[PDB]
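The primary structure of each chain is shown beneath.
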Amino acid sequence: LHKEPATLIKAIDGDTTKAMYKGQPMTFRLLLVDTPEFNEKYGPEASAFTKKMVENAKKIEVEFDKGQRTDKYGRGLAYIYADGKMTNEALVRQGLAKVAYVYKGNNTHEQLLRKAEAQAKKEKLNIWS
Ligand SMILES: Cc1cn([C@H]2C[C@H](OP(=O)(O)O)[C@@H](COP(=O)(O)O)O2)c(=O)[nH]c1=O
Ligand SMILES: [Ca+2]
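Residues numbered from 1 in each chain as written, not as in the entry; some residues may be left out. Chains lettered and ligands numbered in written order. Heavy atoms only, no water.

Its location among the elements puts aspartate 65 in the loop between β5 (60–63) and β6 (76–82). Overall, the relative accessible area of 4% leaves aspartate 65 in the buried class. For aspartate 65 and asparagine 106, which are 41 residues apart along the polypeptide, the C-alpha to C-alpha distance reads 5.3 Å. Each residue touching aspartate 65, except ones within four places of it in the same chain, is listed here: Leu1, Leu31, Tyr79, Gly105, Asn106, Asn107, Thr108 and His109. Of the polar contacts made by the side chain of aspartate 65, one reaches the backbone nitrogen of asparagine 107; its length is 3.2 Å. At 2.6 Å, the side chain of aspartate 65 forms a polar contact with the side chain of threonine 108. (Helix = DSSP H or I, 4+ residues; strand = E, 2+ residues; numbered from the N terminus. Buried < 20%, exposed > 50% of the residue type's maximum accessible area, 1.4 Å probe, protein only. Contact = heavy atoms within 4.5 Å. Polar contact = N/O pair within 3.5 Å; in protein donor to acceptor, adjacent residues only side chain to side chain.)

What follows is the structure in C-alpha cells.
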C-alpha cells in the first residue's frame, strides 16, 4: 500500500473526518475500526482523540487498501496517518475503537490492529475498562 497526500478540512467524529484528496473534499471513514457515536459512552473521547491527532499534525496522509476505496455512502475508506502515525491503530491502542468491519480484500492492517486491541484490553483502557 501507498501513502498519498491529503489536507484536513474538518474533524467529524472518532472514525470519520473530512479531508481534501486530489483537490476534492471527501468524507473519510477509517478502515477496520468502529468508534462509539458521539452520543454513546466514549464517543466524545474518541472524537476528541481523532480531532487532536489530525489537527495537530503537520501533514496527514491517506492510504487506501487493495479493495473498495469508497463505501455505499461515498465515503473514502482509508488508513489515515498523522505525521506518520496511523490514527486507526492509535484509536484501537487506546481503547477508543474496536476492530470491526473487517472485509476480505480490504484488511491489510488487520493483525496490526488486533494486536493493539489485545494490548488495550490487557490494560483495561476506556471501552475495555
Ligand atoms: C468501515 C466500513 C464501513 N462500511 C459501512 C458498513 C456500515 O453500513 P450500515 O450504515 O448499513 O450499517 C457502515 C458503518 O459505518 P459507521 O460505523 O460510520 O456507521 O458503513 C463499509 O461498507 N465498509 C467499511 O469498510
Ligand atoms: Ca462509528
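So, on to unusual backbone geometry. Located in the positive-phi region is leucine 32, a residue other than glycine, with phi close to 65 degrees. By the secondary structure assignment, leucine 32 is in the loop between β3 (24–30) and β4 (33–34). One non-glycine residue, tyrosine 101, lies in the positive phi region at around 50 degrees.

Around ligand 1, the structure places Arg29, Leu30, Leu31, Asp34, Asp71, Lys72, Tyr73, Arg75, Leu77, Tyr101 and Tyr103. The protein chains hide 73% of the 550 Å² of surface that ligand 1 would expose on its own. Residues of the shell around ligand 1, tallied by class, amount to six nonpolar, no polar and five charged. (Near = heavy atom within 4 Å. Areas by Shrake-Rupley, 256 points an atom, 1.4 Å probe, with all protein chains shown as cover. Nonpolar A, V, L, I, M, F, W, Y, C, P; charged D, E, K, R; others polar.)

Turning next to the layout of surface pockets. Volume-wise, the largest pocket comes out at about 450 Å³. Around the largest pocket sit 19 residues that line it, and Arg29, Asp71, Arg75, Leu77 and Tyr101 are the ones nearest its centre. Within the lining of the largest pocket, the residues separate by chemical class into seven nonpolar, four polar and eight charged. (1 Å grid on protein atoms, 1.4 Å probe; cavity = no way out; pocket = protein on both sides within 12 Å on 5 of 7 lines; lining within 4 Å. Points joined across faces, edges and corners; volume = space filled by probe spheres on them.)

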